[PDB]
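Build me a model from this:
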Amino acid sequence: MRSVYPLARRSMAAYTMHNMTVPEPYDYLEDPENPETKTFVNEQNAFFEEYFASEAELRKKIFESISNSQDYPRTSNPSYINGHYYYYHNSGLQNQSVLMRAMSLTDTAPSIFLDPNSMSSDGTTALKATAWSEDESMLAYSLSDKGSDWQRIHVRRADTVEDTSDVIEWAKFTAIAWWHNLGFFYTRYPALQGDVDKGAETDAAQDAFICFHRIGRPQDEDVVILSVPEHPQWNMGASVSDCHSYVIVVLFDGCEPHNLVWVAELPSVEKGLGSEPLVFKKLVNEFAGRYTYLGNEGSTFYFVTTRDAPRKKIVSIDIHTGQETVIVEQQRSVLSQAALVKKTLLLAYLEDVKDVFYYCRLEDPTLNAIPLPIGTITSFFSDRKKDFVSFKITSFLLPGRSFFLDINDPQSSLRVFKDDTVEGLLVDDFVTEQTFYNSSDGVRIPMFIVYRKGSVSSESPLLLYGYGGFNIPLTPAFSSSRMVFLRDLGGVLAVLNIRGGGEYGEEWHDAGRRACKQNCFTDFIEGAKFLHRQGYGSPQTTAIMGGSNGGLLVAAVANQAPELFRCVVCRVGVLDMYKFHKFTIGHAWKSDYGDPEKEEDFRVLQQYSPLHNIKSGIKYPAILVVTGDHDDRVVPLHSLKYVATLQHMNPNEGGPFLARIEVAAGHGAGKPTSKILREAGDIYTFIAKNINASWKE
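Numbers count the residues shown, from 1 in each chain. Next up is the structure itself:
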């Protein structure tokens, strides 16, 4: 039977919130440094290993398989700068990608340009952002250490290939924007105090500002550019115009996709940098949508906006007079990407969760379609004055294709640059398909199903995945672990585009936000049940999984119909809605989650609260949560807090309940290859063990 679970401490503390007393027997989970939390972590992982030793040999086996399936050169898009082509590349097992600088597109011997590999001994360092100078003799990159979101900016000059002594500290969400050959604009957070480990505190983000630092001088001469006293809680970012005359600042309230944008002039006087504060024209100052900037032509200013257009729309707004005129009206599709070069505008549309590429000149805005194989655009490089464009397109079948193009006439210039081919894999062994199934709304929802052609039955192992949050659509994308699942385990993968995502744009998220948030979970239920009525899945042979908010989905749907699932995993997921507003950047999450002060919002929040909604005496599936000690993007405590209830809530019925907390790890952005590979291997061994899906030889 199930072994004796670790003796969890029970805390008497109970707090009253909106005239409702919530007890909390695990408050000591706030501080990771407490002895109780550390001993509980150690015991939980010891029992995890004891459970897993039953099929540790299969663990090693599929570890070997995933390692052999991960070994391929991952080449990204080329960048054309100063007659040299810089593109990311990996040997396949090296911890981080390294830049390649080639003299030509067809060059055989490109040299290394940027190498994060030797930065840290364990390779924990991850490159986060980069930016270019207009004279192509300067670039500024920004990385992070120990998986902590707190970053560090370094600067390098191309020709000498040497570092510089300038470094910056405690920076988050870095947006470098250089101005001619003098300096660059960035954002910086208030100075931290104490001896706490970097990125190892729960303090909420506040009192940050954007500023500008010039080269040749220390950080001490940095002059504050913009800081808002009226709204301390908002986030904001800066951007330099390619016309080299104006600076654009964008302000978001929380994480919800509305912003107000301010345009300012720039003085050519060197002393003016630090002489007087810069004025700000009130271009848009009310939250009507996300008014992203694309490019400007003199007085004219082109933006992709959601105002008066739920599916995104390209509009030209003159800032010297204040008139607004629409130039590219919204089609029935949703804009995934857009850019403006010379006279043409090239737009990638996420139509039916498929990117179709269109180009339209300023004369006739007819979006003319340029052929491109089915897939999903991941990265996109573009420069207004340049004549070379490139993008990587990948999906479930395609492991990645770097494709370049000429803006002047794509009619005969679309060419293949590189392919991320993986040995021992064939396209014909698998096939994907779209499906439409009706939810309670009476409106069809799309879903993707990828499966190996041939043997597929209702009892075959099923994995179902869907994120659906923050207006990020779960577009098709390759995964080595997914391919190991597909080919080595003979199962079928399915991806849900649930309501509330950007899969249909702003209206979809608007319908799936705040008061109707619970609605999305109901949809997920139908998803799995539909796969059982179509003949693709059986309740004893299904597993669903997701990350962060998607991980949320899993646990919360387990509260609705636990017996409708059998295998469930959580991964750095938000679970403690009662206190999610307090710690980390969760305050921005309120803009998508309901502000807990508002009573009508706390009604639904307490309705679906997965930390407390779990009930005893009812069967539950086996949850496996994964966390890391240095998790600042999401506070790790919430996840363990979830397990904290189950330990006492189900003595020997349901589960089993696994918590894998890995020492010295990240969040998911910049994970070292060894650690992420080991974690994926363990996750898939667990889902195979609790599904009984033998080796598909």
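
quick one, phi psi at residue 232?
Torsion angles at residue 232 (phi, psi; degrees, to the nearest 10) stand at phi -60, psi -20.

Who does residue 248 form a beta bridge with?
Beta bridges link residue 248 to residue 239, residue 263, judged by DSSP bridges.

residues contacting it?
238-241, 261-264, 293 (C-beta atoms under 8 Å, 6 or more residues apart in numbering). Where C-beta positions appear, they are placed from N, C-alpha and C, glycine not excepted.

ok, and the closest non-adjacent residue to residue 202?
Nearest residue to residue 202, sequence neighbours excluded (C-beta to C-beta, 6 or more residues apart in numbering): residue 583, at 4.1 Å.

My guess is the one you found contacts residue 635. True?
Yes - contact criterion C-beta atoms under 8 Å: residue 583 and residue 635 qualify, at 4.5 Å.

Between those two, which is the more surrounded one?
Using other C-beta atoms under 10 Å as the criterion, residue 583 and residue 635 rank with residue 635 on top: 24 against 19.

how about that one, phi and psi?
phi -70, psi 120.

And for residue 62?
According to degrees, to the nearest 10, residue 62 has phi -80, psi -20.

could you list every residue that touches it?
Contacts of residue 62 (C-beta under 8 Å, 6+ apart): 484, 488, 681, 684-685, 688.

hmm, try it at 10 Å
Shown in contact with residue 62 (C-beta atoms under 10 Å, 6 or more residues apart in numbering): 55, 69, 481, 484-485, 488-489, 680-682, 684-685, 688, 695.

Can you give me the separation between it and residue 678?
11 Å (C-beta to C-beta, to the nearest Å).

how much space between residue 132 and residue 81?
In this view, residue 132 and residue 81 are 6 Å apart by C-beta to C-beta.

Can you check which residues contact both of those two?
Common neighbours of residue 132 and residue 81 are listed as 139, 158, 383 (criterion: C-beta under 10 Å, 6+ apart).

neighbour-wise, which of those residues leads?
Tallying neighbours with other C-beta under 10 Å puts residue 139 at the head of the shared contacts of residue 132 and residue 81, with 21 neighbours.

so residue 451 bridges to which residues?
Taking DSSP bridges as the rule, residue 451 bridges to residue 431.

who's in contact with it?
Here residue 451 is in contact with 430-433, 460, 462, 486, 490-494, 536 (criterion: C-beta under 10 Å, 6+ apart).

Tell me the one among those nearest to residue 350.
Nearest to residue 350, judged by C-beta to C-beta, of the contacts of residue 451 is residue 432 at 16.3 Å.

Quote the end-to-end distance of stretch 408-419.
One end of stretch 408-419 sits 24 Å from the other (C-alpha to C-alpha, to the nearest Å).

Same check on stretch 443-463?
25 Å.

Distance from that stretch to the middle of the chain?
25 Å (C-alpha atoms, centre = their mean, to the nearest Å).

What residues sit buried inside it?
Neighbour-count burial for stretch 443-463 flags 445, 447-452, 456, 460-463 (criterion: 16 or more other C-beta atoms under 10 Å).

do the same with stretch 309-322
309-317, 319.

just curious, which of those residues is nearest to residue 123?
Each of the buried residues of stretch 309-322 was scored against residue 123 by C-beta to C-beta, and residue 312 proved nearest at 38.5 Å.

That closest one and residue 328, how far apart?
Distance, residue 312 to residue 328, using C-beta to C-beta: 10 Å.

what sits in contact with each of the two?
The contact sets of residue 312 and residue 328 overlap at 304, 335, 338, 347 (C-beta under 10 Å, 6+ apart).

For PyMOL, what selects the buried ones among the residues you listed?
A single PyMOL command is used to select the members of the shared contacts of residue 312 and residue 328 judged buried by 16+ other C-beta under 10 Å:
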select buried, resi 304+335+338+347
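
circling back to that earlier point, for residue 154, state which of the contacts of residue 62 is nearest.
Proximity of the contacts of residue 62 to residue 154 (C-beta to C-beta) peaks at residue 680, which lies at 30.6 Å.

got a list of what the closest residue in space to that closest one that isn't next to it in sequence touches?
For residue 680, ignoring the flanking residues on the chain, the nearest one in space by C-beta to C-beta, 6+ apart is residue 481 at 4.2 Å. Contact analysis of residue 481 by C-beta under 10 Å, 6+ apart lists 62, 66, 69-70, 463, 676-677, 679-681, 683-684.

From the opening residue of stretch 655-668 to its closing one, how far?
Distance across stretch 655-668, first residue to last, is 26 Å (C-alpha to C-alpha).

no wait, stretch 664-671
11 Å.

residues making contact with that stretch?
Outside stretch 664-671, the residues within contact range by C-beta under 10 Å, 6+ apart are 95-96, 116, 122-128, 143-149, 199, 547-548, 571-572, 626-634, 636, 672, 675-677, 679-680.

among the residues you listed, which are in helices?
If you go by DSSP state H, these have 675-677, 679-680 in helices.

Buried subset of those residues, written for PyMOL?
PyMOL command restricting those to the buried ones, with burial defined by 16+ other C-beta under 10 Å:
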select buried, resi 675+676+677+679+680
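
mind listing the strands in the stretch 501-650 of the chain by residue range?
542-545, 567-571, 622-628 (DSSP state E, counting those that start in this stretch).

would you list the ones you listed in TSV and tack on mean neighbour count and distance to residue 178?
TSV is the format used below for those (neighbours: other C-beta atoms under 10 Å; distance: least, C-beta to C-beta, whole Å):
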stretch	mean neighbour count	distance to residue 178
strand 542-545	25	42
strand 567-571	25	37
strand 622-628	23	34
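
May I see the ones you listed arranged in a markdown table, with distance to residue 232 as well?
Output for the strands of the stretch 501-650 of the chain, formatted as a markdown table (distance: least, C-beta to C-beta, whole Å):
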| stretch | distance to residue 232 |
| --- | --- |
| strand 542-545 | 38 |
| strand 567-571 | 32 |
| strand 622-628 | 30 |
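
Quick one: closest of the ones you listed to residue 216.
Distance to residue 216, taken as C-beta to C-beta, is lowest for strand 622-628 among the strands of the stretch 501-650 of the chain, at 39.3 Å.

Neighbouring strands - and their directions - for the closest one?
strand 567-571 (parallel), strand 658-662 (parallel).

who touches the closest residue to residue 1 other than its chain neighbours in this structure?
Closest residue to residue 1 in three dimensions, ignoring its sequence neighbours and counting by C-beta to C-beta, 6+ apart: residue 652, at 6.3 Å. Taking C-beta under 10 Å, 6+ apart as the criterion, residue 652 is in contact with 1-5.

likewise residue 25?
8-14, 644-645, 648.

now swap in residue 294 and tell me
Contacts for residue 294 were tallied using C-beta under 10 Å, 6+ apart; they are 301-304, 314-316, 338-340, 345, 382, 384.

What of residue 483?
So residue 483 contacts 66, 69-70, 396-397, 399, 422, 425, 430, 450, 493 (C-beta under 10 Å, 6+ apart).

Does residue 536 touch residue 529 like I think?
No - the pair residue 536 / residue 529 is not scored as a contact, 11.2 Å apart, by C-beta atoms under 10 Å.

quick one, which of the two is more surrounded?
Taking neighbours as other C-beta under 10 Å, residue 536 and residue 529 compare with residue 536 leading, 21 against 15.

coming back round to it: next, give me the two most distant ones among the contacts of residue 451.
Across the contacts of residue 451 (C-beta to C-beta), the longest gap, 17.4 Å, separates 433 and 490.

follow-up on the earlier one: who touches both of residue 583 and residue 635?
30, 202, 576.

Near the closest residue to residue 398 other than its chain neighbours, how many residues? Count them for me, please.
Excluding the flanking residues, the one nearest residue 398 by C-beta to C-beta, 6+ apart is residue 375, at 5.2 Å. If you count neighbours by other C-beta under 10 Å, residue 375 ends up with 22.

Please apply the same query to the one 10 residues further on.
Summarising burial for residue 385: neighbours were counted as other C-beta under 10 Å, giving 8.

Fine by me, thanks again.
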